[PDB]
Amino acid sequence: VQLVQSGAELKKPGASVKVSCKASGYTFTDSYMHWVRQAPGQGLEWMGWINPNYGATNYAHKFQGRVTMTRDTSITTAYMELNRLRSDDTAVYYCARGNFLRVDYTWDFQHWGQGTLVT
Amino acid sequence: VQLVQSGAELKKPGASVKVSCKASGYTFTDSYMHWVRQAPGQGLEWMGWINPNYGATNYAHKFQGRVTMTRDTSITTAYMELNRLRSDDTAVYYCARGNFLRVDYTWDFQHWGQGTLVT
Amino acid sequence: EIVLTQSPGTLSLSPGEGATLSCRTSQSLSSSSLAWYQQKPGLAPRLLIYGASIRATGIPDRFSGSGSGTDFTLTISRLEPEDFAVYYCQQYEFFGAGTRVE
Amino acid sequence: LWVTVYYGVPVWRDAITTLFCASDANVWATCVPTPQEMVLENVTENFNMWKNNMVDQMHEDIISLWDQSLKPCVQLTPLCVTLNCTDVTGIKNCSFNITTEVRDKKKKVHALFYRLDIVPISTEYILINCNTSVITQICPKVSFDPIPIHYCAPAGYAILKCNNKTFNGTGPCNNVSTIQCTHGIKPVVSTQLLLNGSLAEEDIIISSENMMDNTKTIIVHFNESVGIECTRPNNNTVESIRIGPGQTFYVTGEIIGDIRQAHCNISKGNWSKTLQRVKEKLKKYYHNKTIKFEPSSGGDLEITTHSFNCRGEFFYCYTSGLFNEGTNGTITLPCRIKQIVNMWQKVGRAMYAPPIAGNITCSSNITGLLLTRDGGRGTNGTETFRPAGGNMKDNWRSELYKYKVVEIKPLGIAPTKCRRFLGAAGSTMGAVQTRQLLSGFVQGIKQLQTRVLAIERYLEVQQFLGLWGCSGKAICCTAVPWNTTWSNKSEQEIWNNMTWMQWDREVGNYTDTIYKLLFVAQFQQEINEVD
Amino acid sequence: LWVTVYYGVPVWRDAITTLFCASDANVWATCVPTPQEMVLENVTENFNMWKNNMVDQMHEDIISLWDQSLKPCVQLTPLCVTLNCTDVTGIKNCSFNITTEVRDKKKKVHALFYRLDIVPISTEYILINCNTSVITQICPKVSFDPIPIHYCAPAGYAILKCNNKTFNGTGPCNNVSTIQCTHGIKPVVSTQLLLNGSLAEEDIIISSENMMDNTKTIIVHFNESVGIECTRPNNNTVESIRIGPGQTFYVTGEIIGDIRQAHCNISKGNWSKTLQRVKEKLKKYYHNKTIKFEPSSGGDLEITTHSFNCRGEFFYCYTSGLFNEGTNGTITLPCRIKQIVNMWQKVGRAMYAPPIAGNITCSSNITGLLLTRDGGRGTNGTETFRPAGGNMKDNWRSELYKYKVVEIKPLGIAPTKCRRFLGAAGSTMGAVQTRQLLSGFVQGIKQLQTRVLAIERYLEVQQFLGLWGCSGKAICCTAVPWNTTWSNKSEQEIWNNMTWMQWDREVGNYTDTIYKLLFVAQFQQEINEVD
Ligand SMILES: *[C@@H]1O[C@H](CO)[C@@H](O[C@@H]2O[C@H](CO)[C@@H](O[C@@H]3O[C@H](CO[C@H]4O[C@H](CO)[C@@H](O)[C@H](O)[C@@H]4O)[C@@H](O)[C@H](O[C@H]4O[C@H](CO)[C@@H](O)[C@H](O)[C@@H]4O)[C@@H]3O)[C@H](O)[C@H]2NC(C)=O)[C@H](O)[C@H]1NC(C)=O
Ligand SMILES: *[C@@H]1O[C@H](CO)[C@@H](O[C@@H]2O[C@H](CO)[C@@H](O[C@@H]3O[C@H](CO[C@H]4O[C@H](CO)[C@@H](O)[C@H](O)[C@@H]4O)[C@@H](O)[C@H](O[C@H]4O[C@H](CO)[C@@H](O)[C@H](O)[C@@H]4O)[C@@H]3O)[C@H](O)[C@H]2NC(C)=O)[C@H](O)[C@H]1NC(C)=O
Ligand SMILES: *[C@@H]1O[C@H](CO)[C@@H](O[C@@H]2O[C@H](CO)[C@@H](O[C@@H]3O[C@H](CO)[C@@H](O)[C@H](O)[C@@H]3O)[C@H](O)[C@H]2NC(C)=O)[C@H](O)[C@H]1NC(C)=O
Ligand SMILES: *[C@@H]1O[C@H](CO)[C@@H](O[C@@H]2O[C@H](CO)[C@@H](O[C@@H]3O[C@H](CO)[C@@H](O)[C@H](O)[C@@H]3O)[C@H](O)[C@H]2NC(C)=O)[C@H](O)[C@H]1NC(C)=O
Ligand SMILES: *[C@@H]1O[C@H](CO)[C@@H](O[C@@H]2O[C@H](CO)[C@@H](O)[C@H](O)[C@H]2NC(C)=O)[C@H](O)[C@H]1NC(C)=O
Ligand SMILES: *[C@@H]1O[C@H](CO)[C@@H](O[C@@H]2O[C@H](CO)[C@@H](O)[C@H](O)[C@H]2NC(C)=O)[C@H](O)[C@H]1NC(C)=O
Ligand SMILES: *[C@@H]1O[C@H](CO)[C@@H](O[C@@H]2O[C@H](CO)[C@@H](O)[C@H](O)[C@H]2NC(C)=O)[C@H](O)[C@H]1NC(C)=O
Ligand SMILES: *[C@@H]1O[C@H](CO)[C@@H](O[C@@H]2O[C@H](CO)[C@@H](O)[C@H](O)[C@H]2NC(C)=O)[C@H](O)[C@H]1NC(C)=O
Ligand SMILES: *[C@@H]1O[C@H](CO)[C@@H](O[C@@H]2O[C@H](CO)[C@@H](O)[C@H](O)[C@H]2NC(C)=O)[C@H](O)[C@H]1NC(C)=O
Ligand SMILES: *[C@@H]1O[C@H](CO)[C@@H](O[C@@H]2O[C@H](CO)[C@@H](O)[C@H](O)[C@H]2NC(C)=O)[C@H](O)[C@H]1NC(C)=O
Ligand SMILES: *[C@@H]1O[C@H](CO)[C@@H](O[C@@H]2O[C@H](CO)[C@@H](O)[C@H](O)[C@H]2NC(C)=O)[C@H](O)[C@H]1NC(C)=O
Ligand SMILES: *[C@@H]1O[C@H](CO)[C@@H](O[C@@H]2O[C@H](CO)[C@@H](O)[C@H](O)[C@H]2NC(C)=O)[C@H](O)[C@H]1NC(C)=O
Ligand SMILES: *[C@@H]1O[C@H](CO)[C@@H](O)[C@H](O)[C@H]1NC(C)=O
Ligand SMILES: *[C@@H]1O[C@H](CO)[C@@H](O)[C@H](O)[C@H]1NC(C)=O
Ligand SMILES: *[C@@H]1O[C@H](CO)[C@@H](O)[C@H](O)[C@H]1NC(C)=O
Ligand SMILES: *[C@@H]1O[C@H](CO)[C@@H](O)[C@H](O)[C@H]1NC(C)=O
Ligand SMILES: *[C@@H]1O[C@H](CO)[C@@H](O)[C@H](O)[C@H]1NC(C)=O
Ligand SMILES: *[C@@H]1O[C@H](CO)[C@@H](O)[C@H](O)[C@H]1NC(C)=O
Ligand SMILES: *[C@@H]1O[C@H](CO)[C@@H](O)[C@H](O)[C@H]1NC(C)=O
Ligand SMILES: *[C@@H]1O[C@H](CO)[C@@H](O)[C@H](O)[C@H]1NC(C)=O
Ligand SMILES: *[C@@H]1O[C@H](CO)[C@@H](O)[C@H](O)[C@H]1NC(C)=O
Ligand SMILES: *[C@@H]1O[C@H](CO)[C@@H](O)[C@H](O)[C@H]1NC(C)=O
Ligand SMILES: *[C@@H]1O[C@H](CO)[C@@H](O)[C@H](O)[C@H]1NC(C)=O
Ligand SMILES: *[C@@H]1O[C@H](CO)[C@@H](O)[C@H](O)[C@H]1NC(C)=O
Ligand SMILES: *[C@@H]1O[C@H](CO)[C@@H](O)[C@H](O)[C@H]1NC(C)=O
Ligand SMILES: *[C@@H]1O[C@H](CO)[C@@H](O)[C@H](O)[C@H]1NC(C)=O
């Protein structure tokens, strides 16, 4: 499983970032593309998952209304766009493929990408 | 089984003949096209066979290096080209279809063409 | 809403020792609902046990775990130098704060 | 005691097998038309709506029939040409040229295409999903109506139906019934509201694999239908375009009158009453919190809107007016008509649904509701439920949740003194095999494979009985004594106050243990007879 | 003595039957994954590698799977256009125009084609075999790797394997073994050197139908593998060309760096040692003469060169450096890459093998060698052996020569006093039928036909037994006396020092002679009972 993420950059209040999680070498359609937020030296958080065959997405109650998660299946690249960033959005961002991808049906995030440390 | 051979002509030392054995009315691909040399008023000789689906050919030890047996399957016509003819090449030439064409697996040449008496 | 508290302490230990780690769940869930993660200093986290007893591929034998209901436990018998990093207990959606080993 | 072989035992095991559609006297009725039911007293079985196999077979059989039915139909590969499209609203008047029936002559034609059915490349457009899929026109004069489809089990198998009214989909059932053919299952197509389904008998039924897991759609069955009348009010005129030898391409053209919007009416009376009932019921299946509803998240117009199929016209009606917070009225929903649609997403295939002259109307009965739950540490004690779409098998889990497929297993080896359909399932062993159960083991390529397999299982049981000296008889006393290690129980314990099923569960470990003894004992008896 | 019917006899006859591939957990594994072996003491069978049927079934099953696997793939009929080709060597830079995804627009594209893949019509060319065949691009994202393929016999049949190490392919075998599924047979494609085959256990094995016949390929199996590492060193860049709705055409373009030649290395150490061993062994199987080797005769680059298939790239490596007359080194062979190839020559079909970016490497194990013999009255006492190609079945005769398919035949009628898998094949009649042999008679359309046929043979034997009064028993004493004309032998001669097979050969002439007597005797007994 190859996941190739993008690069980070500090975004001023009111801008918009578009981070990508370009996948390769597996059945992209039959694979969730959960997103995970790493607070700086702190516990993780669940941004949201995106079924890529239909785009059916569910975000967290914290970031509901501020984020949007597009997916592209032709080039098998999932997206995650975050608008209206504030300075308190300092974190790292990774994409995890799991939730019945592995043997267990429960959320078992195995492969992870490359990280993106947008502050 | 119709086999229509070509005409003969005396060839000087160093020339090249191209005799043909144009077939019709059967499965040309699944049929060997053995060639047979009749010495003048003498015993016959085995020039060589040619599987026409692949061109896989085997000539005799006597004429190995002096002869070449092309085949054409589109028009279902087999060929036999003889270079570097000498005056001692006086003979007749016929094409025989056999070697499991008939019931027996062993070489059982039945149908023969029209003859070609290149001297 | 599923609260995943973790035990305190920094575990000032040397290599060759053992380590006991624990995570609590706020509702009576089965063992399949909880997993454990290595949290490295600045690299991608990886999964050890999913289902609270089934190990993952490419993982040594020194890690084991068990638990049902509440008070799930992870035990490491031999702390190699690379094993002195943070460790997270993952629920369905809410990750854990992470107990510390020095 | 001594081993004893019983043939025609009323027991079963969970298994996966090929069924076959039946229907009633079209895509489906090209199935063989028929339904007996018999209640099973004192029987409890652990049903599972989610790990079922009839949904995974119904999905593939819908794919297979939709692929088979669209093989002798037009392919719009010549129609992938540049389209000069202007405004006629969401509709575009597109002019383009084609290779007509005489191949060395080109003809210019016109057609009204919706904006969702074309993408730009100015005013130049092309039909959507041409450069990824091969569009196939849905054949006129072959109706694609979802007629009711029964599922009849093959020989040697049976279907158990759960008759408990409050049965959510998982767990034990109070009393079950063995049937040959299931009820009429209309194979509807929907996204957020299940249409024309089966109503719950007495109470609203809510179901999920695990509610605390959020990636798993929550199904809600209404016990009261909600009327929903919907319509495309445009006065279309269909124009036929000949593109080849017998291939015709039907397009919209020259709408007459006002270009009105397709709308989908629901009544604000019965709705929000049913939704308040659903809210009350979802209060109990979680920790106490306020229960209230949000519109759908972002996504493909195929999942962000309640889609369906009315008379071959594909509607995409927004549901933001339903899941956003009370008296009589109407909840009129905007809808977008889409012709080129690719449902059950197959990479490289599409479907041009042809147009219809005049208007159409779409009266249906909402009998269900698909939901999902937002997660996060949102606090405040309110749970936000959004409608969820995609994963089409859910639409047939709502109709195949009472049913379960079971494999009938004879040779219920039990001990006795001697030596040498499913009506009595819950009955004790003390106080019929030949008359009722055994005759039911023999009474396209799929339904031929399942019948050859039925023949193999009948021969693989009859041969076993013949090799155990039981060629013509159903009950055999045998020469193998009953070991003390095979869960030794007294005759009183076994042949009284104990059903065949529990006994099957008792000595399931000793399969292929008594069998070898039976083979060698019969061979010893025969070789003694010959000597 | 009196007639006696035995059921489950360990005997067999040569027959032709449908087998089925199994493979192990792609073109082949779309087969059902699985292999028991049991040695047969005192059994000798006349094997025949040449008149076998598994080669004639393996050939047709390779044709069937290659046709089935290339049905949902691109067809390069639009690509048969004039090609403006210049020099880039054996490679040509060809520019041409195509009908793109928008049909009324034409796009000019470029592609690097080898000179063997184009023919002239100047600089104008066309793809080879366009005007005789319909080229079909081999699908990417579906690997055509030759995975090992087992062959499991159906119900009622068996496969005998010959375990004699020095077994050449024809004649008796010292000791055999009945198996369910054969070993992993990689279906490789080669011309002159058999690659990735099965090594001989102890000694080099040479085989022909008749060596004095010259139209018949001589197979030689190496007991020691010879390493052969081969490579295409060109740094290709693959360019995708869209020609339709979802149809993509992958071409080479813009090689980076030096245009190097594909070469195929063999080691001069192990080779010519193995060839000297082959020479020594071929001294004995003819009249004494010097044994020495010549290059291949004239013919299609498909037979004049050792062809194979490495990672989907088709190599054509000349072998003139191997068969032309000693120390360590390398025997580097020039190779020609061909994309449009038509193997197993089907009139009207071809195959465009797509290109691969980067380089590739081709490490394989030569385990075989195909030869032929020049004839004529050449005198001098030297025999000239050339490599021979074509007739693809030979490549699977080298892997299916130990195996033989046999039809199990019950009803071994023998005389006794009384009246009224294959483990014991070589055992005498004196001192098991039900436990071991009889249960093995029931345990796509091809593998469904062979199972229906298994059911018919089980019913056509069970009905015969039931009509001979043997419904539930395997051994029957019957009311037909044993005639003196049915090769009358004493009980001592028959039931001692004589196996079931020789007895089957003894009274094979009296089939449908004792049978009529058995029918009429059973009918007489029953009609006496009723009266
Ligand atoms: C949920 O369930 C409801 C109730 O079953 C469905 O609504 C019905 O859908 C059917 C099928 O589309 C509708 O039947 C169609 O009705 C049209 C009107 O028919 C009337 O008018 C004509 C004269 O114009 C009379 O002859 C006729 O008797 C009626 O009075 C017709 O246009 C249709 O005929 C076309 O299709 C048939 C195929 O059977 C062809 O033979 C014809 O040639 C023609 O092409 C057809 O009969 C029916 O009217 C709907 N009922 C209501 C009450 O609205 C819902 O569709 C369903 N929901 C979903 C999502 O599937
Ligand atoms: C006789 O037998 C030998 C030994 O089996 C065969 O040689 C092998 O052939 C296979 C099949 O072609 C080769 O496998 C291919 O190897 C390539 C290199 O893989 C290495 O590098 C990648 C990174 O680039 C690593 O991921 C990988 O682990 C390896 O270290 C790959 O290009 C190929 O992958 C492609 O095909 C697979 C299909 O399985 C796809 O899933 C991939 O996406 C990709 O398209 C492939 O794995 C193998 O390397 C060969 N072995 C050796 C030692 O050379 C001979 O081919 C055979 N002879 C004949 C005539 O058939
Ligand atoms: C659908 O209905 C079934 C019952 O038919 C529900 O099963 C119930 O599941 C819960 C846990 O999810 C059980 O609670 C706990 O069970 C254990 C024993 O397993 C017990 O030790 C605990 O004290 C606690 O009771 C519950 O017993 C079980 N059964 C019943 C009858 O309530 C299922 O949750 C329902 N689900 C949905 C989504 O509708
Ligand atoms: C492969 O091996 C078989 C034996 O397993 C070889 O068969 C042998 O064939 C030759 C004739 O081709 C036999 O020679 C003659 O046989 C007759 C009886 O048939 C006998 O009367 C003569 O005196 C003479 O021996 C030979 O007996 C026979 N068997 C053995 C054991 O040598 C076969 O030729 C081999 N072929 C190849 C191509 O490897
Ligand atoms: C099967 O029906 C029985 C009643 O006949 C259910 O048992 C009880 O039903 C009442 C009324 O709905 C509930 O209040 C009780 O909680 C039920 N008892 C238990 C132990 O759950 C039974 O639950 C039904 N089965 C299913 C799966 O719904
Ligand atoms: C569907 O179920 C609901 C909920 O049980 C039923 O609504 C009840 O109707 C009775 C009628 O006598 C009232 O007394 C209750 O107060 C109602 N409950 C609620 C929560 O409002 C409804 O009748 C059922 N529908 C059918 C057709 O059986
Ligand atoms: C839809 O438009 C068509 C256009 O032809 C209407 O059909 C016409 O109806 C009028 C009614 O006065 C007749 O006089 C014409 O002869 C009809 N023309 C044809 C060609 O049939 C049709 O009535 C319109 N439908 C609606 C519902 O308004
Ligand atoms: C929605 O369900 C209602 C019943 O709840 C259906 O109304 C019945 O329809 C049948 C059709 O055969 C009529 O015979 C009955 O008289 C109707 N009953 C009542 C009480 O009106 C209604 O047809 C359903 N809607 C659709 C579109 O099928
Ligand atoms: C089967 O193996 C036996 C030995 O177990 C072969 O019999 C002899 O084998 C030796 C050693 O190779 C040869 O020198 C003899 O010539 C063999 N005897 C005969 C009569 O041929 C036997 O040949 C083997 N069978 C085959 C087909 O190779
Ligand atoms: C393959 O067979 C050959 C020929 O029998 C074997 O070569 C012999 O090897 C032994 C090793 O002790 C030498 O004593 C012999 O002189 C060799 N024979 C010849 C003709 O050179 C070779 O060992 C076999 N290979 C394997 C792997 O068994
Ligand atoms: C084959 O050619 C490609 C042409 O792109 C080479 O890929 C380049 O490799 C260099 C190495 O210095 C990189 O700087 C470039 O960024 C690469 N380009 C691309 C587009 O990836 C490739 O390395 C060559 N292969 C070999 C074996 O020489
Ligand atoms: C050619 O055969 C040799 C053995 O004769 C193979 O070498 C072995 O390969 C296996 C692969 O599983 C390794 O595990 C072994 O260690 C190897 N043995 C030795 C002695 O090196 C070799 O791989 C074969 N070549 C190919 C291309 O398959
Ligand atoms: C071609 O298809 C892609 C998806 O594979 C799509 O995004 C693109 O818009 C299409 N091309 C044109 C010109 O519309
Ligand atoms: C057409 O096919 C024939 C064989 O049937 C071939 O010899 C010829 O070269 C082809 N035509 C052209 C123009 O290449
Ligand atoms: C579209 O049609 C109009 C008709 O007036 C014409 O003027 C215009 O050029 C056309 N557009 C294109 C892009 O050909
Ligand atoms: C279509 O073909 C006609 C042929 O008469 C030509 O006049 C017209 O410009 C073409 N236009 C388009 C938009 O394809
Ligand atoms: C048993 O099922 C029958 C089906 O006719 C139903 O009438 C009955 O109510 C069920 N039993 C119980 C206790 O609900
Ligand atoms: C729909 O069509 C019918 C058929 O003529 C007509 O009677 C009715 O008025 C039309 N109504 C609308 C709203 O389009
Ligand atoms: C169910 O059990 C009761 C216990 O009283 C018994 O009377 C009844 O006959 C049983 N059901 C059947 C179908 O035998
Ligand atoms: C029957 O019981 C005896 C007691 O000695 C035991 O040895 C034997 O294994 C048992 N047989 C089976 C088939 O379990
Ligand atoms: C091939 O392309 C070259 C590019 O310079 C062009 O000059 C030449 O005319 C072309 N050949 C043909 C036959 O069209
Ligand atoms: C191909 O089509 C283009 C269309 O622009 C034309 O310019 C070119 O001459 C054509 N050439 C060939 C070689 O087919
Ligand atoms: C008989 O076959 C077995 C297979 O295991 C083999 O080991 C043995 O050597 C064979 N017998 C002889 C005499 O070669
Ligand atoms: C083949 O490709 C690999 C991949 O980069 C490269 O490392 C190697 O040098 C190349 N060698 C040749 C001989 O082309
Ligand atoms: C083979 O024959 C020998 C002769 O001594 C006998 O002992 C042996 O049992 C026989 N094989 C079998 C399998 O019975
Ligand atoms: C049995 O033997 C007698 C001797 O007279 C002969 O006539 C008769 O044909 C024989 N029967 C068979 C079936 O061969």
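Residues numbered from 1 in each chain as written, not as in the entry; some residues may be left out. Chains lettered and ligands numbered in written order. Part of a larger assembly, values for the part shown. Heavy atoms only, no water.

- Under the PDB entry, the name given to chain D is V703-0537_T278M_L14 SOSIP, and the source organism is Human immunodeficiency virus 1.

- Per the PDB entry, the recorded name for chain A is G002-480-0546 Fab heavy chain, and the organism is Homo sapiens.

## Some thoughts on the interface of chain C and chain A
Step number 1: Between chain C and chain A, the contact holds 18 residues from the first and 16 residues from the second.
Step number 2: Across the interface of chain C and chain A, roughly 1500 Å² is buried in total on both sides, 59% from carbon and sulfur atoms.
Step number 3: Together, C:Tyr50, C:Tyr92 and C:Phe95 form the three largest contributors to the area buried by chain C at its contact with chain A, with a combined 31%.
Step number 4: Here chain C is connected to chain A by four residue pairs in polar contact.
Step number 5: Mapped onto the side of chain C that touches chain A, the elements with two or more residues apiece are β2 (35-39), β3 (46-50) and β7 (86-90) of chain C.
Step number 6: Partitioning the side of chain C that touches chain A into residue classes produces ten nonpolar, seven polar and one charged. (Contact = heavy atoms within 4.5 Å. Buried area = accessible area lost by both parts, 1.4 Å probe. Polar contact = N/O pair within 3.5 Å; in protein donor to acceptor, adjacent residues only side chain to side chain. Helix = DSSP H or I, 4+ residues; strand = E, 2+ residues; numbered from the N terminus. Nonpolar A, V, L, I, M, F, W, Y, C, P; charged D, E, K, R; others polar.)

## Some points on the side chain of C:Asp83
Residue and element names in this part refer to chain C.
Step number 1: Along the chain, the position of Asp83 falls in the loop between β6 (72-76) and β7.
Step number 2: Only 3.1 Å separates the side chain of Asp83 from the side chain of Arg62, close enough to count as a polar contact.
Step number 3: Apart from residues no more than four positions distant in its own chain, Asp83 is found in contact with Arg62, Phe63, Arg78 and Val101.

## As for the environment of A:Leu85
Residue and element names in this part refer to chain A.
Step number 1: Relative to the helices and strands, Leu85 is located in the loop between β8 (77-83) and β9 (92-96).
Step number 2: Between the C-alpha atom of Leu85 and that of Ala15, which follows or precedes it by 70 residues, the distance is 6.3 Å.
Step number 3: Here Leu85 is in contact with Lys11, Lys12, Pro13, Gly14, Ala15, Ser16, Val17 and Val118, once residues within four sequence places are set aside.

## With respect to the relation of the copies chain E and chain D
Step number 1: Placing chain E over chain D gives an RMSD of 0.0 Å and needs a rotation angle of 120 degrees, together with 0.0 Å of translation along the axis. Both copies are brought into coincidence by an operation consistent with a three-fold rotation axis.
Step number 2: A distinct binding surface is used by each copy, with only 15% of the interface residues of chain E retained as interface residues in chain D. (Least-squares fit on C-alpha atoms.)

## Concerning the sheet that holds β9(A)
Residues and elements named next belong to chain A.
Step number 1: Strand order across the open sheet formed by four strands is β5-β4-β3-β9, with antiparallel pairing between neighbours. Bordering the open sheet on either side are β5 (57-59) and β9, each of which pairs with just one other strand. The sheet shows a mean angle of 25 degrees between the axes of neighbouring strands, direction not considered.
Step number 2: Summarising the sheet, strand β4 (residues 44-50) and β5 pair through three bridges and their orientation is antiparallel. Among the inter-strand pairings, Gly48 is bridged to a residue of β5, identified as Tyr59. (Pairing = 2+ DSSP bridges. Axes fitted to C-alpha atoms, helices over the stretch in contact; angles between N-to-C directions.)

## Considering the pattern of salt bridges
Step number 1: One pass over the structure, following the stated rule, counts 50 salt bridges over all chains.
Step number 2: As a salt-bridge pair, A:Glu45 and D:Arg377 come within 3.2 Å of each other at their nearest N and O atoms. Note that A:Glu45 is positioned in strand β4 and D:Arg377 in the loop between β23 (358-373) and β24 (382-387), a pairing that runs across two chains.
Step number 3: Across the salt bridge formed by D:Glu407 and D:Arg457, the nearest N and O atoms sit 3.0 Å from each other. By the burial criterion, D:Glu407 is buried, and D:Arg457 matches it.
Step number 4: Connected via shared salt-bridge partners are C:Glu1, C:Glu93, D:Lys289, D:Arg373 and D:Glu383. (Salt bridge = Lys/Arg side-chain N within 4 Å of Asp/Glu carboxyl O. Buried < 20%, exposed > 50% of the residue type's maximum accessible area, 1.4 Å probe, protein only.)

## Description of the state of the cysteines
Step number 1: Throughout the structure, instances matching the rule amount to 25 disulfides over all chains.
Step number 2: Disulfide pairing places D:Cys152 opposite D:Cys181 at an S-S distance of 2.0 Å. The disulfide joining D:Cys152 to D:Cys181 has a torsion of about 105 degrees about its S-S bond and is therefore right-handed. On the criterion of sequence distance, the pair formed by D:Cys152 in strand β11 (residues 151-152) and D:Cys181 in the loop between β14 (176-179) and β15 (205-207) is long-range, its members being 29 residues apart.
Step number 3: Residue D:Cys181 is classed as buried on the basis of its relative accessible area, which comes to 10%.
Step number 4: At a sulfur-sulfur separation of 2.0 Å, the disulfide partner of E:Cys85 is E:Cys94. Classification of the bridge connecting E:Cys85 and E:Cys94 rests on its S-S torsion, roughly 110 degrees, and on that basis the disulfide is right-handed. Each member of the pair, E:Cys85 together with E:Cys94, is buried. (Disulfide = S-S within 2.5 Å.)

## As for the interface of chain E and chain D
Many authors give the size of an interface as the accessible area that is lost as the parts come together.
Step number 1: Residue-level contacts link 26 residues of chain E with 28 residues of chain D.
Step number 2: Between chain E and chain D, roughly 2700 Å² of surface is buried when both sides are summed, and carbon and sulfur atoms account for 67% of that area.
Step number 3: In this structure, D:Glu456 engages E:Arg451 in a salt bridge whose closest nitrogen and oxygen atoms are separated by 3.3 Å.
Step number 4: Seen at the junction of chain E and chain D, the total is five residue pairs in polar contact.
Step number 5: Of all the elements, helix α4 (residues 445-467) of chain E adds the most residues to the side of chain E that touches chain D, at six residues.
Step number 6: Among the residues making up the side of chain E that touches chain D, the classes are represented as twelve nonpolar, six polar and eight charged.

## Brief notes about the environment of C:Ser77
Residue and element names in this part refer to chain C.
Step number 1: By secondary structure assignment, the location of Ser77 is in the loop between β6 and β7.
Step number 2: Distance from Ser77 to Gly18, taken between C-alpha atoms, is 4.7 Å for residues 59 residues apart in sequence.
Step number 3: Excluding residues within four positions of it along the chain, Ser77 makes contact with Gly16, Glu17, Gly18 and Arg62.

## Remarks on the arrangement of the chains
Step number 1: Here five pairs of chains are in contact, and chains D and E lead that list by number of contacts.
Step number 2: Regarding chain B and chain C, the two do not touch, and the least distance separating their C-alpha atoms is 52 Å.
Step number 3: Left apart from each other, chain B and chain D have a closest C-alpha approach of 31 Å.

## Details of helix α2 (residues 273-284) of chain D
Step number 1: Between the first and last C-alpha of α2(D) there are 18 Å, a value that for twelve residues agrees with the 16 Å anticipated at 1.5 Å per step.
Step number 2: The set of residues buried in α2(D) consists of D:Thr274, D:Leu275, D:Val278, D:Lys279, D:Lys281 and D:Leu282. (Expected span 1.5 Å × (residues − 1).)

## So, unusual backbone geometry
Negative phi characterises most residues that are not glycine, and trans characterises most peptide bonds.
Step number 1: With a phi close to 60 degrees, D:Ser23 is a non-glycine residue in the positive phi region.
Step number 2: Following the sequence through the fold, D:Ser23 ends up in the loop between β3 (20-21) and β4 (37-40).
Step number 3: A relative accessible area of 0% places D:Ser23 in the buried class.
Step number 4: Unlike most non-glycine residues, E:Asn196 shows phi in positive territory, near 55 degrees.

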